[PDB]
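A.B. asks: Structure in structure tokens, see below.
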Amino acid sequence: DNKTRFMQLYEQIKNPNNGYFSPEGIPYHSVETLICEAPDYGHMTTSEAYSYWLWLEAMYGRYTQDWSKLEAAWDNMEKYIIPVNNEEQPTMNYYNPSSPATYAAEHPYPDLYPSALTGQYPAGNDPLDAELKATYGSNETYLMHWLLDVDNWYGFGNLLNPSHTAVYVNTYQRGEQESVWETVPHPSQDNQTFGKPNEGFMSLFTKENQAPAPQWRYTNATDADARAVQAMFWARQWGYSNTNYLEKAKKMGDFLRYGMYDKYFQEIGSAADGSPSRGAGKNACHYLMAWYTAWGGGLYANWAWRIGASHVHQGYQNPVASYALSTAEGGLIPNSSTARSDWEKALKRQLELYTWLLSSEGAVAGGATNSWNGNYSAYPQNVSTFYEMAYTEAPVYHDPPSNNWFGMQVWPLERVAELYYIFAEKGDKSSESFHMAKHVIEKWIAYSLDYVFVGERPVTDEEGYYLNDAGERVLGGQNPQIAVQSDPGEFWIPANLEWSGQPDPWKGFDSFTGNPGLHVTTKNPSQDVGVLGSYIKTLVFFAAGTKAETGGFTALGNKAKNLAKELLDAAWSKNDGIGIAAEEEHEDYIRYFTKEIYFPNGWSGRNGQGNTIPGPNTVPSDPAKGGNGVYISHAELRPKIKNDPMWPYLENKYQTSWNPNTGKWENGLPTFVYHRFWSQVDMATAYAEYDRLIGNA
Ligand SMILES: OC[C@H]1O[C@@H](O[C@H]2[C@H](O)[C@@H](O)[C@H](O[C@H]3[C@H](O)[C@@H](O)[C@H](O[C@H]4[C@H](O)[C@@H](O)[C@H](O)O[C@@H]4CO)O[C@@H]3CO)O[C@@H]2CO)[C@H](O)[C@@H](O)[C@@H]1O
Ligand SMILES: OC[C@H]1O[C@@H](O[C@H]2[C@H](O)[C@@H](O)[C@H](O)O[C@@H]2CO)[C@H](O)[C@@H](O)[C@@H]1O
Ligand SMILES: [Ca+2]
């Protein structure tokens with residue numbers, strides 16, 4: 001019974017004995033501590049985790065009409081991860097929207113940081129600051145910072161909220177090649193008690209004529225605040241009506257418009273020729289969710305700044321949130337003058353983006369940028385464009401390429417499927433937006449069905465390629481034949497994509513005739529339960545949408561709902577009492593041992609435990625990467641990780657299995673079972689939404 005399964009999994013997630021939450025009531029990234037993949041420690045947490053917590057409590061409210069849990073989750077989010085009687089953005093009022101920030105270039109290796117604050121390109125004007133002040137009386141940013149150190153494992157302490165154990169921390173600072181393995185974690189509120197004397201951590205990342213001042217700064221993740229809005233959209237659809245909290249979700253959707261702006265508010269398209277123009281009015285708005293917005297200031301401090309982001313990843317867009325923020329049906333139109341219009345344009349533009357990126361096979365390709373190379377380089381000749389933004393197959397990050405993970409298929413396509421259903425349910429079956437959502441989800445669903453297996457396991461070679469009955473690699477194509485073997489009670493879902501080509505230039509939906517030069521190979525079957533739970537919701541919302549549109553399930557809708565039912569049954573067999581549990585192998589945990597964390601020469605500082613970094617065990621940086629410094633490895637930067645209960649296993653596996661000459665694990669791979677918060681919520685909400693939308697059909 002899928003309602004009972006939802007409630008059982010809910011109970012497991014909320015059970016204090018299972019370890020998903022800290023003593024402060026904050027959800028961790030994962031129950032387990034030794035994990036490194038986006039946060040670099042399992043008891044960090046993310047705005048992502050909070051947004052999933054809201055989604056979980058909204059579904060609990062639907063069944064029980066007990067909305068006190070959703071409100072407690074919102075309160076806890078606001079207390080610990082939205083930095084709004086403690087002033088956590090203490091100089092935001094000094095922000096100058098006519099000069100929002102000082103330009104610095106991004107660089108292709110972390111080696112090349114700190115980046116000079118040259119001001120080479122004057123920032124354009126910020127058209128939101130005045131409206132937001134008019135609406136709220138303050139420009140204090142109501143968005144989640146993306147990263148907390150929940151247990152104060154890094155030891156920085158919480159500068160601006162003394163009673164909290166959880167600390168605002170950040171990591172990524174140094175461009176497209178700085179993987180999770182390559183950062184230097186640092187406090188968001190840096191008064192220079194840690195880092196380099198009289199400088200803090202700032203001088204790893206930016207250079208000025210003079211030592212940096214103490215400063216605070218935050219960065220959101222736009223997909224997380226949008227998911228929070230998506231959860232509140234659903235809560236209201238399911239009966240929630242407390243205006244005190246709905247107004248907070250509106251305010252978050254209002255400030256989330258900062259993720260619609262070019263990084264330095266340069267006019268969209270203006271640097272196609274390598275020479276940007278400072279934006280004016282709303283002409284630096286691209287009406288998409290770019291990777292972040294960030295804001296910061298001094299800690300006699302009298303200055304503050306904001307940046308949008310120029311790089312857009314399709315997997316961050318949330319059309320349900322955009323619908324929620326632009327329509328009376330959605331109920332969360334923000335109070336600022338132009339917020340409704342902005343989100344209305346954004347919803348349409350997001351659907352155009354997905355159509356533009358729809359590959360020949362059916363997966364959606366990466367995204368687009370207004371700042372080629374992160375320094376407003378001229379666009380390569382013949383690069384495909386979308387509203388004068390240049391196609392990028394790997395938005396923002398190249399290590400690993402950010403659209404190679406299949407999780408960035410199910411996460412956005414789940415929302416496109418939701419919107420398809422939402423449009424059809426109210427009787428919109430003919431708008432251009434409906435037609436784009438419908439086309440994208442139909443094609444994607446049909447794509448995905450070739451690569452997801454239940455009760456059987458696909459045949460693959462050692463590099464992860466699916467094989468056909470002749471033992472040939474399945475390299476995309478429309479009608480792949482994949483050899484299978486029996487695997488009762490198991491499921492297999494891709495983890496990886498390999499891209500080639502580009503979409504045709506976008507000239508509007510009326511001109512769209514496919515992307516026959518854009519191809520993808522799907523590979524690396526996995527048992528990722530989080531990707532699975534997102535996929536099952538995608539199947540269920542798509543199926544429900546075909547019924548709301550046509551009056552019954554289509555042939556493809558039937559396939560989708562039937563596969564969802566079987567996947568939910570197979571996954572339930574893997575519940576271990578803490579969560580849906582599957583082994584996973586980690587090739588990449590060799591990077592717990594690699595000397596690849598860059599520090600500039602001459603830079604020495606104090607970490608949060610008082611330990612000197614980088615310390616003595618350095619090697620020089622790669623000259624080919626243009627730096628002038630050194631590398632250390634993970635546990636040299638983070639010596640506490642050697643005390644983890646799983647560290648001996650991992651270290652012994654490295655010393656007995658890793659072959660440096662071949663670059664391969666030859667006596668077993670590092671193998672883990674993780675209970676990630678977001679993954680367990682994706683699963684739980686899949687049981688619930690199958691119950692709601694398919695029921696006994
Ligand atoms: O020049 C003005 C101003 O710049 C400040 O430096 C900025 C950088 O310009 C900016 O690129 C950098 O952005 C980081 C961000 O801080 C990280 O939080 C973010 O991490 C992402 C992560 O990549 C995702 O995997 C995860 O999902 O979400 C987080 C949140 O989005 O990565 C981006 C880069 O990709 O942030 C700096 C601010 O901290 C200077 O510090 C300042 O002095 C200048 O005045
Ligand atoms: O950065 C995207 C997303 O990654 C999640 O970790 C993924 C990882 O990127 C993928 O390589 C591995 O195979 O699967 C894990 C678990 O799904 C991470 O948990 C998210 O926080 C993060 O947003
Ligand atoms: Ca790298």
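Please note that chains go A, B, ... in the order of the structure tokens, that every chain numbers its residues from 1, and that ligands are numbered from 1 in the order shown.
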With only C-alpha atoms and all ligand atoms counted, collect every polymer residue having an atom within 7 Å of ligand 2; state the result as a list in words.

C.D. replies: residues 37, 38, 39, 48, 405, 407, 495, 528, 530, 531, 676 and 679 of chain A

A.B. asks: Hey, could you make a per-residue contact list for chain A against ligand 1 with 7 Å as the cut-off, showing the nearest pair of atoms and its distance in Å to one decimal, counting only C-alpha atoms and all ligand atoms, sorted by chain and number, as a tab-separated table?

C.D. replies:
```
residue	atom	partner	partner_atom_place_in_ligand_line	distance
A:38	CA	ligand 1	25 (O)	5.6
A:101	CA	ligand 1	2 (C)	4.8
A:102	CA	ligand 1	1 (O)	4.7
A:103	CA	ligand 1	1 (O)	4.7
A:104	CA	ligand 1	1 (O)	5.1
A:117	CA	ligand 1	1 (O)	6.5
A:146	CA	ligand 1	30 (C)	5.1
A:170	CA	ligand 1	18 (O)	5.6
A:171	CA	ligand 1	17 (C)	6.3
A:172	CA	ligand 1	32 (O)	4.5
A:173	CA	ligand 1	14 (C)	4.8
A:174	CA	ligand 1	34 (C)	6.8
A:175	CA	ligand 1	35 (O)	6.0
A:202	CA	ligand 1	41 (O)	6.6
A:205	CA	ligand 1	41 (O)	6.8
A:206	CA	ligand 1	43 (O)	6.1
A:217	CA	ligand 1	39 (O)	5.8
A:218	CA	ligand 1	39 (O)	6.2
A:219	CA	ligand 1	18 (O)	4.5
A:220	CA	ligand 1	30 (C)	4.8
A:221	CA	ligand 1	31 (O)	3.9
A:222	CA	ligand 1	31 (O)	6.9
A:291	CA	ligand 1	31 (O)	5.7
A:292	CA	ligand 1	31 (O)	4.5
A:294	CA	ligand 1	38 (C)	6.0
A:305	CA	ligand 1	45 (O)	6.3
A:307	CA	ligand 1	2 (C)	6.5
A:396	CA	ligand 1	35 (O)	6.1
```

A.B. asks: With N, CA and C atoms retained, write the just-selected residues as a PDB file, in the first residue's frame.

C.D. replies:
```
ATOM      1  N   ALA A  38      29.071  16.930  -3.289  1.00  0.00           N
ATOM      2  CA  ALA A  38      28.646  18.308  -3.598  1.00  0.00           C
ATOM      3  C   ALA A  38      28.896  19.121  -2.318  1.00  0.00           C
ATOM      4  N   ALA A 101      28.496  45.661  -7.960  1.00  0.00           N
ATOM      5  CA  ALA A 101      29.668  44.863  -7.596  1.00  0.00           C
ATOM      6  C   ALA A 101      30.816  45.295  -8.500  1.00  0.00           C
ATOM      7  N   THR A 102      32.030  44.827  -8.161  1.00  0.00           N
ATOM      8  CA  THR A 102      33.252  45.076  -8.931  1.00  0.00           C
ATOM      9  C   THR A 102      33.624  43.840  -9.731  1.00  0.00           C
ATOM     10  N   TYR A 103      33.789  44.004 -11.046  1.00  0.00           N
ATOM     11  CA  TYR A 103      34.127  42.869 -11.907  1.00  0.00           C
ATOM     12  C   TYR A 103      35.464  42.197 -11.548  1.00  0.00           C
ATOM     13  N   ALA A 104      35.456  40.861 -11.557  1.00  0.00           N
ATOM     14  CA  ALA A 104      36.660  40.039 -11.652  1.00  0.00           C
ATOM     15  C   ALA A 104      36.376  38.924 -12.658  1.00  0.00           C
ATOM     16  N   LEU A 117      40.330  41.907  -8.716  1.00  0.00           N
ATOM     17  CA  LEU A 117      39.161  42.776  -8.841  1.00  0.00           C
ATOM     18  C   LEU A 117      39.510  44.020  -9.648  1.00  0.00           C
ATOM     19  N   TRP A 146      23.499  28.421   0.642  1.00  0.00           N
ATOM     20  CA  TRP A 146      23.368  27.025   0.190  1.00  0.00           C
ATOM     21  C   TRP A 146      23.942  25.979   1.164  1.00  0.00           C
ATOM     22  N   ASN A 170      31.160  28.240   3.133  1.00  0.00           N
ATOM     23  CA  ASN A 170      31.111  28.105   1.689  1.00  0.00           C
ATOM     24  C   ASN A 170      32.366  27.382   1.248  1.00  0.00           C
ATOM     25  N   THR A 171      32.363  26.928  -0.014  1.00  0.00           N
ATOM     26  CA  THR A 171      33.502  26.177  -0.531  1.00  0.00           C
ATOM     27  C   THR A 171      33.853  26.702  -1.916  1.00  0.00           C
ATOM     28  N   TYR A 172      33.043  26.375  -2.931  1.00  0.00           N
ATOM     29  CA  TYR A 172      33.360  26.703  -4.313  1.00  0.00           C
ATOM     30  C   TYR A 172      33.573  28.194  -4.484  1.00  0.00           C
ATOM     31  N   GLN A 173      34.717  28.542  -5.078  1.00  0.00           N
ATOM     32  CA  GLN A 173      35.096  29.933  -5.291  1.00  0.00           C
ATOM     33  C   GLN A 173      35.956  30.097  -6.543  1.00  0.00           C
ATOM     34  N   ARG A 174      36.426  28.997  -7.144  1.00  0.00           N
ATOM     35  CA  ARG A 174      37.588  29.122  -8.033  1.00  0.00           C
ATOM     36  C   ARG A 174      37.326  28.477  -9.402  1.00  0.00           C
ATOM     37  N   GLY A 175      36.109  28.653  -9.946  1.00  0.00           N
ATOM     38  CA  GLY A 175      35.876  28.408 -11.363  1.00  0.00           C
ATOM     39  C   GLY A 175      35.547  26.972 -11.725  1.00  0.00           C
ATOM     40  N   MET A 202      39.664  35.301   2.282  1.00  0.00           N
ATOM     41  CA  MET A 202      39.300  36.064   1.090  1.00  0.00           C
ATOM     42  C   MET A 202      40.408  36.097   0.063  1.00  0.00           C
ATOM     43  N   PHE A 205      40.901  33.939  -2.958  1.00  0.00           N
ATOM     44  CA  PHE A 205      39.886  33.940  -3.993  1.00  0.00           C
ATOM     45  C   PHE A 205      39.852  35.220  -4.801  1.00  0.00           C
ATOM     46  N   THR A 206      40.101  36.366  -4.172  1.00  0.00           N
ATOM     47  CA  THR A 206      40.118  37.650  -4.874  1.00  0.00           C
ATOM     48  C   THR A 206      41.363  38.415  -4.447  1.00  0.00           C
ATOM     49  N   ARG A 217      29.477  37.130   3.435  1.00  0.00           N
ATOM     50  CA  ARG A 217      28.867  36.938   2.107  1.00  0.00           C
ATOM     51  C   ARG A 217      28.178  35.591   2.049  1.00  0.00           C
ATOM     52  N   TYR A 218      27.108  35.526   1.251  1.00  0.00           N
ATOM     53  CA  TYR A 218      26.315  34.319   1.091  1.00  0.00           C
ATOM     54  C   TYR A 218      26.094  34.075  -0.391  1.00  0.00           C
ATOM     55  N   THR A 219      25.760  32.836  -0.704  1.00  0.00           N
ATOM     56  CA  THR A 219      25.422  32.429  -2.060  1.00  0.00           C
ATOM     57  C   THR A 219      24.248  31.480  -2.004  1.00  0.00           C
ATOM     58  N   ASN A 220      23.165  31.774  -2.756  1.00  0.00           N
ATOM     59  CA  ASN A 220      22.129  30.747  -2.760  1.00  0.00           C
ATOM     60  C   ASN A 220      22.361  29.734  -3.890  1.00  0.00           C
ATOM     61  N   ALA A 221      21.516  28.711  -3.915  1.00  0.00           N
ATOM     62  CA  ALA A 221      21.408  27.808  -5.060  1.00  0.00           C
ATOM     63  C   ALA A 221      19.994  27.977  -5.550  1.00  0.00           C
ATOM     64  N   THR A 222      19.832  28.462  -6.785  1.00  0.00           N
ATOM     65  CA  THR A 222      18.486  28.877  -7.189  1.00  0.00           C
ATOM     66  C   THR A 222      17.525  27.710  -7.268  1.00  0.00           C
ATOM     67  N   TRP A 291      22.956  29.976 -11.979  1.00  0.00           N
ATOM     68  CA  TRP A 291      23.466  29.075 -10.951  1.00  0.00           C
ATOM     69  C   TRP A 291      23.301  29.616  -9.537  1.00  0.00           C
ATOM     70  N   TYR A 292      23.391  30.936  -9.355  1.00  0.00           N
ATOM     71  CA  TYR A 292      23.281  31.503  -8.017  1.00  0.00           C
ATOM     72  C   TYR A 292      22.958  32.981  -8.106  1.00  0.00           C
ATOM     73  N   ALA A 294      24.598  35.975  -5.285  1.00  0.00           N
ATOM     74  CA  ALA A 294      25.384  36.104  -4.067  1.00  0.00           C
ATOM     75  C   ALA A 294      25.338  37.536  -3.589  1.00  0.00           C
ATOM     76  N   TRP A 305      27.484  44.411  -1.735  1.00  0.00           N
ATOM     77  CA  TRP A 305      27.465  44.130  -3.167  1.00  0.00           C
ATOM     78  C   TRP A 305      26.492  42.980  -3.448  1.00  0.00           C
ATOM     79  N   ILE A 307      25.782  40.017  -6.860  1.00  0.00           N
ATOM     80  CA  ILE A 307      25.975  39.507  -8.221  1.00  0.00           C
ATOM     81  C   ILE A 307      24.835  38.550  -8.519  1.00  0.00           C
ATOM     82  N   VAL A 396      28.809  25.865 -15.943  1.00  0.00           N
ATOM     83  CA  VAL A 396      29.441  26.215 -14.656  1.00  0.00           C
ATOM     84  C   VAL A 396      30.612  25.305 -14.311  1.00  0.00           C
TER      85      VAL A 396
END
```

A.B. asks: Compare A:440, A:180, A:301, A:694 by their minimum atom-to-atom distance to ligand 3, counting only C-alpha atoms and all ligand atoms, and give me the closest one.

C.D. replies: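 Of the candidates, the smallest distance to ligand 3 is held by A:180.
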
A.B. asks: Would you mind telling me which residue in A:621, A:326, A:2, A:662 lies nearest to residue 341 (chain A) when using only C-alpha atoms?

C.D. replies: A:326

A.B. asks: Counting only C-alpha atoms, which of A:119, A:54, A:589, A:65 gets nearest to residue 657 (chain A)?

C.D. replies: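 The answer is A:589, which sits nearest to residue 657 (chain A).
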
A.B. asks: Would you give me, as a tab-separated table, each residue of chain A having an atom within 6 Å of an atom of ligand 3, along with its shortest atom pair and that distance in Å to one decimal, using only C-alpha atoms and all ligand atoms and sorting by chain and residue number?

C.D. replies:
```
residue	atom	partner	partner_atom_place_in_ligand_line	distance
A:177	CA	ligand 3	1 (Ca)	4.1
A:178	CA	ligand 3	1 (Ca)	4.9
A:179	CA	ligand 3	1 (Ca)	5.4
A:399	CA	ligand 3	1 (Ca)	5.5
```

A.B. asks: Using DSSP assignments from the backbone, pull out every residue in region 44-249 of chain A that falls under helix (DSSP H, G or I) and give it to me as JSON, numbers by chain.

C.D. replies: {"A": [47, 48, 49, 50, 51, 52, 53, 54, 55, 56, 57, 58, 59, 60, 61, 62, 63, 64, 68, 69, 70, 71, 72, 73, 74, 75, 76, 77, 78, 79, 80, 92, 93, 94, 110, 111, 112, 129, 130, 131, 132, 133, 134, 135, 136, 180, 181, 182, 202, 203, 204, 222, 223, 224, 225, 226, 227, 228, 229, 230, 231, 232, 233, 234, 235, 236, 237, 243, 244, 245, 246, 247, 248, 249]}

A.B. asks: Find the residue from A:442, A:588, A:414, A:140 that sits nearest to residue 658 (chain A); use only C-alpha atoms when measuring.

C.D. replies: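 Ranking A:442, A:588, A:414, A:140 by distance to residue 658 (chain A), first place goes to A:588.
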
A.B. asks: Have a look at CA of residue 590 (chain A) and CA of residue 41 (chain A) and let me know their distance in Å, one decimal.

C.D. replies: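 The value is 15.7 Å.
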
A.B. asks: For a test of reading the model, state the distance in Å between CA of residue 76 (chain A) and CA of residue 58 (chain A), rounded to one decimal.

C.D. replies: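 So the answer is 14.9 Å.
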
A.B. asks: Could you give me, as a list in words, the residues within 8 Å of region 332-335 of chain A, counting only C-alpha atoms and dropping anything in the same chain fewer than 4 positions from it?

C.D. replies: residues 135, 233, 246, 247, 249, 250, 251, 253, 254, 324, 325, 326, 327, 328, 339 and 340 of chain A

A.B. asks: Can you write out the residues you just picked, keeping C-alpha atoms, as a short mmCIF file (atom, residue, chain, number, x, y, z; two decimals), in the first residue's frame?

C.D. replies:
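Saved to part-v7.cif:
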```cif
data_model
loop_
_atom_site.label_atom_id
_atom_site.label_comp_id
_atom_site.auth_asym_id
_atom_site.auth_seq_id
_atom_site.Cartn_x
_atom_site.Cartn_y
_atom_site.Cartn_z
CA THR A 135 7.66 46.23 -0.92
CA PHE A 233 2.70 25.66 -4.05
CA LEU A 246 2.62 31.80 2.38
CA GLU A 247 3.83 35.43 2.49
CA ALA A 249 7.34 31.83 0.35
CA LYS A 250 6.25 34.83 -1.76
CA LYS A 251 9.09 36.94 -0.33
CA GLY A 253 10.19 34.00 -4.71
CA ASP A 254 10.55 37.80 -4.95
CA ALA A 324 3.27 29.32 -8.50
CA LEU A 325 4.83 32.82 -8.61
CA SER A 326 3.01 34.09 -11.74
CA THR A 327 -0.62 32.88 -11.57
CA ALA A 328 -3.69 33.18 -9.40
CA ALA A 339 7.37 40.15 -9.90
CA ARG A 340 4.28 38.59 -11.56
#
```

A.B. asks: Compile the contact shell of residue 695 (chain A) as a PyMOL selection string: residues with an atom at most 10 Å away, counting only C-alpha atoms, same-chain residues fewer than 6 positions apart removed.

C.D. replies: chain A and resi 1-3+688-689

A.B. asks: How many Å lie between CA of residue 677 (chain A) and CA of residue 19 (chain A), rounded to one decimal?

C.D. replies: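 Going from CA of residue 677 (chain A) over to CA of residue 19 (chain A), I get 10.1 Å.
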
A.B. asks: Which residues are close to region 666-671 of chain A, i.e. within 6 Å by only C-alpha atoms, leaving aside same-chain residues fewer than 4 positions away? Reply as a ChimeraX atom specification.

C.D. replies: /A:584-586,657

A.B. asks: Among region 364-486 of chain A, which ones does DSSP assign to strand (DSSP E or B) (computed from the backbone)? Answer as a PyMOL selection string.

C.D. replies: chain A and resi 364+367-369+372+377+385-386+389-392+398+401+405+453-458+460+465-467+473+484-486

A.B. asks: Would you mind exporting the chosen residues as a PDB file, in the first residue's frame, restricted to N, CA and C atoms?

C.D. replies:
```pdb
ATOM      1  N   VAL A 364      17.823  16.183 -22.125  1.00  0.00           N
ATOM      2  CA  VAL A 364      17.965  17.636 -22.304  1.00  0.00           C
ATOM      3  C   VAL A 364      19.414  18.050 -22.050  1.00  0.00           C
ATOM      4  N   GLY A 367      22.708  23.902 -21.208  1.00  0.00           N
ATOM      5  CA  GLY A 367      22.349  25.247 -20.750  1.00  0.00           C
ATOM      6  C   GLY A 367      23.005  26.280 -21.649  1.00  0.00           C
ATOM      7  N   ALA A 368      23.181  27.481 -21.087  1.00  0.00           N
ATOM      8  CA  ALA A 368      23.663  28.612 -21.885  1.00  0.00           C
ATOM      9  C   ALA A 368      24.337  29.615 -20.966  1.00  0.00           C
ATOM     10  N   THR A 369      25.164  30.491 -21.563  1.00  0.00           N
ATOM     11  CA  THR A 369      25.817  31.495 -20.736  1.00  0.00           C
ATOM     12  C   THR A 369      25.779  32.839 -21.439  1.00  0.00           C
ATOM     13  N   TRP A 372      30.853  34.043 -21.856  1.00  0.00           N
ATOM     14  CA  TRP A 372      31.663  32.920 -22.300  1.00  0.00           C
ATOM     15  C   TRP A 372      33.006  32.920 -21.571  1.00  0.00           C
ATOM     16  N   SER A 377      34.059  36.563 -22.869  1.00  0.00           N
ATOM     17  CA  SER A 377      34.736  36.272 -24.135  1.00  0.00           C
ATOM     18  C   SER A 377      33.753  36.248 -25.281  1.00  0.00           C
ATOM     19  N   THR A 385      22.773  29.583 -30.137  1.00  0.00           N
ATOM     20  CA  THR A 385      22.384  30.609 -29.195  1.00  0.00           C
ATOM     21  C   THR A 385      20.892  30.506 -28.862  1.00  0.00           C
ATOM     22  N   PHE A 386      20.593  31.022 -27.677  1.00  0.00           N
ATOM     23  CA  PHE A 386      19.249  31.056 -27.109  1.00  0.00           C
ATOM     24  C   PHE A 386      19.090  32.431 -26.477  1.00  0.00           C
ATOM     25  N   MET A 389      22.229  34.060 -25.740  1.00  0.00           N
ATOM     26  CA  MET A 389      23.123  33.378 -24.822  1.00  0.00           C
ATOM     27  C   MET A 389      23.681  32.147 -25.545  1.00  0.00           C
ATOM     28  N   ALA A 390      24.937  31.814 -25.253  1.00  0.00           N
ATOM     29  CA  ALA A 390      25.652  30.781 -25.993  1.00  0.00           C
ATOM     30  C   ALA A 390      25.491  29.421 -25.307  1.00  0.00           C
ATOM     31  N   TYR A 391      25.241  28.396 -26.116  1.00  0.00           N
ATOM     32  CA  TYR A 391      25.083  27.031 -25.614  1.00  0.00           C
ATOM     33  C   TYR A 391      26.338  26.540 -24.907  1.00  0.00           C
ATOM     34  N   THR A 392      26.140  25.909 -23.751  1.00  0.00           N
ATOM     35  CA  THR A 392      27.232  25.247 -23.036  1.00  0.00           C
ATOM     36  C   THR A 392      26.782  23.846 -22.723  1.00  0.00           C
ATOM     37  N   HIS A 398      33.097  21.750 -14.957  1.00  0.00           N
ATOM     38  CA  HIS A 398      33.626  20.774 -15.894  1.00  0.00           C
ATOM     39  C   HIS A 398      34.235  19.576 -15.199  1.00  0.00           C
ATOM     40  N   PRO A 401      31.743  17.259 -15.756  1.00  0.00           N
ATOM     41  CA  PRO A 401      30.851  18.110 -16.538  1.00  0.00           C
ATOM     42  C   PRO A 401      29.440  18.063 -15.981  1.00  0.00           C
ATOM     43  N   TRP A 405      25.449  14.044 -15.215  1.00  0.00           N
ATOM     44  CA  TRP A 405      24.801  13.215 -14.211  1.00  0.00           C
ATOM     45  C   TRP A 405      23.338  13.059 -14.579  1.00  0.00           C
ATOM     46  N   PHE A 453      15.249  -0.188 -15.822  1.00  0.00           N
ATOM     47  CA  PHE A 453      14.965  -1.603 -15.790  1.00  0.00           C
ATOM     48  C   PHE A 453      14.466  -2.006 -14.417  1.00  0.00           C
ATOM     49  N   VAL A 454      13.526  -2.935 -14.380  1.00  0.00           N
ATOM     50  CA  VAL A 454      13.038  -3.452 -13.109  1.00  0.00           C
ATOM     51  C   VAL A 454      12.898  -4.960 -13.257  1.00  0.00           C
ATOM     52  N   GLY A 455      13.373  -5.695 -12.253  1.00  0.00           N
ATOM     53  CA  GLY A 455      13.367  -7.137 -12.299  1.00  0.00           C
ATOM     54  C   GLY A 455      14.382  -7.726 -13.243  1.00  0.00           C
ATOM     55  N   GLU A 456      15.219  -6.887 -13.845  1.00  0.00           N
ATOM     56  CA  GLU A 456      16.245  -7.322 -14.756  1.00  0.00           C
ATOM     57  C   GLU A 456      17.342  -6.275 -14.695  1.00  0.00           C
ATOM     58  N   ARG A 457      18.531  -6.667 -15.143  1.00  0.00           N
ATOM     59  CA  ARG A 457      19.727  -5.849 -15.075  1.00  0.00           C
ATOM     60  C   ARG A 457      20.307  -5.716 -16.476  1.00  0.00           C
ATOM     61  N   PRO A 458      20.639  -4.507 -16.925  1.00  0.00           N
ATOM     62  CA  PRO A 458      21.186  -4.355 -18.270  1.00  0.00           C
ATOM     63  C   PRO A 458      22.630  -4.811 -18.339  1.00  0.00           C
ATOM     64  N   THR A 460      26.377  -4.443 -19.447  1.00  0.00           N
ATOM     65  CA  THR A 460      27.281  -3.334 -19.739  1.00  0.00           C
ATOM     66  C   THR A 460      28.715  -3.825 -19.834  1.00  0.00           C
ATOM     67  N   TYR A 465      29.197   1.245 -20.631  1.00  0.00           N
ATOM     68  CA  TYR A 465      28.287   1.337 -21.774  1.00  0.00           C
ATOM     69  C   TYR A 465      27.319   0.170 -21.784  1.00  0.00           C
ATOM     70  N   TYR A 466      26.046   0.457 -22.078  1.00  0.00           N
ATOM     71  CA  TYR A 466      25.067  -0.601 -22.309  1.00  0.00           C
ATOM     72  C   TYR A 466      25.445  -1.360 -23.569  1.00  0.00           C
ATOM     73  N   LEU A 467      25.218  -2.681 -23.580  1.00  0.00           N
ATOM     74  CA  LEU A 467      25.566  -3.499 -24.738  1.00  0.00           C
ATOM     75  C   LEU A 467      24.313  -4.102 -25.338  1.00  0.00           C
ATOM     76  N   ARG A 473      28.398  -1.572 -28.202  1.00  0.00           N
ATOM     77  CA  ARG A 473      28.026  -0.459 -27.329  1.00  0.00           C
ATOM     78  C   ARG A 473      26.825   0.257 -27.907  1.00  0.00           C
ATOM     79  N   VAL A 484      19.655  -7.867 -21.604  1.00  0.00           N
ATOM     80  CA  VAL A 484      19.322  -7.846 -20.180  1.00  0.00           C
ATOM     81  C   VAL A 484      19.524  -9.238 -19.586  1.00  0.00           C
ATOM     82  N   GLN A 485      19.628  -9.270 -18.266  1.00  0.00           N
ATOM     83  CA  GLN A 485      19.655 -10.506 -17.490  1.00  0.00           C
ATOM     84  C   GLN A 485      18.691 -10.390 -16.312  1.00  0.00           C
ATOM     85  N   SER A 486      18.242 -11.540 -15.838  1.00  0.00           N
ATOM     86  CA  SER A 486      17.273 -11.569 -14.740  1.00  0.00           C
ATOM     87  C   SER A 486      17.874 -10.960 -13.478  1.00  0.00           C
TER      88      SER A 486
END
```

A.B. asks: Kindly indicate which residue among A:566, A:279, A:445, A:472 lies nearest to residue 546 (chain A), using only C-alpha atoms for the distances.

C.D. replies: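 Selected residue with least distance to residue 546 (chain A): A:445.
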